[PDB]
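To begin, one chain is listed below as structure tokens, in the form deposited in one PDB entry.
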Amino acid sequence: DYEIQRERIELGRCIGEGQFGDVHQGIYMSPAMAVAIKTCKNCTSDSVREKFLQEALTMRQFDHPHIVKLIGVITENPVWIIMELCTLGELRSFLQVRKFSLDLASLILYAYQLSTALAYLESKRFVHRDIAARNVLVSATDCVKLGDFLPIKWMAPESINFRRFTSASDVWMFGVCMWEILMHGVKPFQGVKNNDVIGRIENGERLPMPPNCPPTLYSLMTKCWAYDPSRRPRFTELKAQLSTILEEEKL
């Protein structure tokens, strides 16, 4: 039963917005848990409420430690969706702010954790289409999660050229996200016109080996960027390889 009594939610400050309304942080109490509360300004309009609540119907289909969880809904007006809160916010910003305090083991851990979430999505034949550090959230310094699911500089060539999004294009995007993480939130193709990106890819330019990147991690990234999608790994392999690489760095 996902219905929550409104009296168990204390609305806190506005932390963001979505298409339907402001997003707040708050507390979920019982006879206390920090949560995110998505609101729907015009939820008295039946068609708007329906579309808003579809986001909750979607998220409850996923159950994974590195995907943001649906906690519940309040379906009386004002209609709210209660989600897990990732208290440290967007990963890209976190990496930029904390770059001189984050060790390599932490960066590899984030990549590993994301690969577990993406292997889970792959197991459901769900294509994400928008894997990038700005779409990852930080739950704790040792925990990142995927939440709330054109980004040309992240896209596979077949996505740019033909609008094709597949499990293999997600792997390309994950490769770019891994690069972002190892570079502490530096944007891929910084300073490059979006229109010039596909030209670089088709000339075999790839993002460079980040400082301190283990050799086997960078060749893994390189495989994610194989031009032919059939030559890219799947997430089961990525997860296994990242686990080994993480263990190597911790020891």
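In this text, the rigid core denotes the largest set of C-alpha atoms whose superposition between the two forms falls within 1.5 Å. In case it trips you up, residue 1 is the first one in the sequence shown, and so on.
Missing here is the form solved in complex with a small molecule; even so, the following discussion is about that form.
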property	result
Contact test, all of 160, 175 and 206, partner the small molecule in the bound PDB entry, heavy atom 4.5 Å	no
Contact stretch among 88-96, 109-117, 162-170, 175-183 - heavy atom within 4.5 Å of the small molecule in the bound PDB entry	88-96
Of 76, 148, 103, 142, the one that lies within 4.5 Å of the small molecule in the bound PDB entry (heavy atoms)	148
Residue 121 within 4.5 Å of the small molecule in the bound PDB entry, heavy atoms	no
The small molecule contact at residue 240 in the bound PDB entry, heavy atom, 4.5 Å	no
Any non-hydrogen atom of residue 25 within 4.5 angstroms of the small molecule in the bound PDB entry	yes
Residue contact check: residue 137 to the small molecule in the bound PDB entry, 4.5 Å heavy atom	yes
Comparing forms between this form and the one not shown after core superposition, the one residue of 80, 110, 179, 172 displaced by 2 Å or more at CA	80
Large Cα shift (2 Å or above) at residue 196 between this form and the one not shown, core-fitted	no
Post core alignment: residue 63 C-alpha displaced by 2 Å or more between this form and the one not shown	no
Core-aligned C-alpha movement of residue 223 between this form and the one not shown reaching 2 Å	no
